[PDB]
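Asks: Next up is a structure, given as structure tokens.
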There are 2 protein chains.
Amino acid sequence: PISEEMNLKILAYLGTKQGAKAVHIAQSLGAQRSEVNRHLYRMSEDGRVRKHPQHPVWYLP
Amino acid sequence: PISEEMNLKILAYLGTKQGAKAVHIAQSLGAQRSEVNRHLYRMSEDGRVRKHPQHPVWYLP
DNA sequence: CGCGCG
DNA sequence: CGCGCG
């Protein structure tokens, strides 16, 4: 499922970086890569985060 | 697979009608709804299209 | 190697 | 009912 609280933890982390990989987001939150990726991709649908067009690297809009 | 040619056709439809549903894009292009959605969701990852936060309706940023 | 998939 | 899933 989707945790809005997980969404907010990810957004807060991205707010401290200039682009980040899910593996490092997961490391820094103490979460699993799959959970972080599930949330990143869903947030990207409506524009809350954005992925590099070629690389698995994530940014705030 | 993902066709960049298909991406451009979908973007062109959206440029004509904001707030479109996949079924209507598919009808116009002569494609399957599932194919159109596969491309919409992948384009949403890097912000080329954007989904409505609550509905399967699509916008062009 | 991109993987998120329920 | 959101479904895109390979």
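Nothing in this text is a laboratory measurement; each read-out follows from the coordinates by a stated rule. Cβ placement follows ideal geometry from the backbone for every residue including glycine, while neighbour counts extend to all protein chains displayed.
Asks: What is chain A's relative contact order, in percent, from Cα pairs under 8 angstrom and six or more apart in sequence?
Replies: It rounds to 38 percent for chain A.
Asks: Still on this structure, I have one more. For B:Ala20, which sequence-distant residues (separation of 5 or more, or a different chain) have an amide H within less than 5 Å of its own amide H, given hydrogens modelled in the peptide plane?
Replies: B:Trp58
Asks: Then there is this: Using the scaling law 2.2 N^0.38 Å as the reference, what is the normalised Cα Rg of chain A?
Replies: Taking N as the residue count of chain A, the ratio is 0.96.
Asks: Measure off 7 Å from each Cα along the Cα-to-Cβ vector at A:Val23 and B:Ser28, then give the distance between these two points in nanometres to one decimal.
Replies: Each label point is offset 7 Å from its Cα along the Cβ direction, giving 4.1 nm.
Asks: Using θ = phi - 60° and the Karplus relation 6.51 cos²θ - 1.76 cosθ + 1.60, list the HN-Hα couplings for region B:7-23 in order, rounded to whole Hz, with x at every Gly or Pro.
Replies: Values, residue by residue: 3, 5, 5, 5, 4, 5, 4, 5, x, 9, 8, 5, x, 8, 9, 4, 4 Hz.
Asks: Shifting gears a bit: Report ³J(HN,Hα) in whole Hz for each residue of region A:52-61, in order, from the Karplus equation J = 6.51 cos²θ - 1.76 cosθ + 1.60 where θ = phi - 60°; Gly and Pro get x.
Replies: Listing the rounded values in order: 4, x, 10, 10, x, 10, 10, 9, 7, x Hz.
Asks: While we're on this one: Under 5 Å between amide hydrogens, which residues at least 5 positions from A:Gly47 or on another chain qualify, with H placed 1.01 Å from N in the peptide plane?
Replies: Those qualifying (amide H under 5 Å, at least 5 residues apart or on another chain) are B:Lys51.
Asks: Can you list the HN-Hα couplings for region B:25-41, worked out from phi with the Karplus curve (6.51, -1.76, 1.60; θ = phi - 60°), rounded to whole Hz and with x for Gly and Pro?
Replies: Once θ is set to phi - 60°, the couplings for region B:25-41 become 4, 4, 4, 5, 7, x, 10, 7, 3, 5, 5, 4, 5, 4, 6, 4, 5 Hz.
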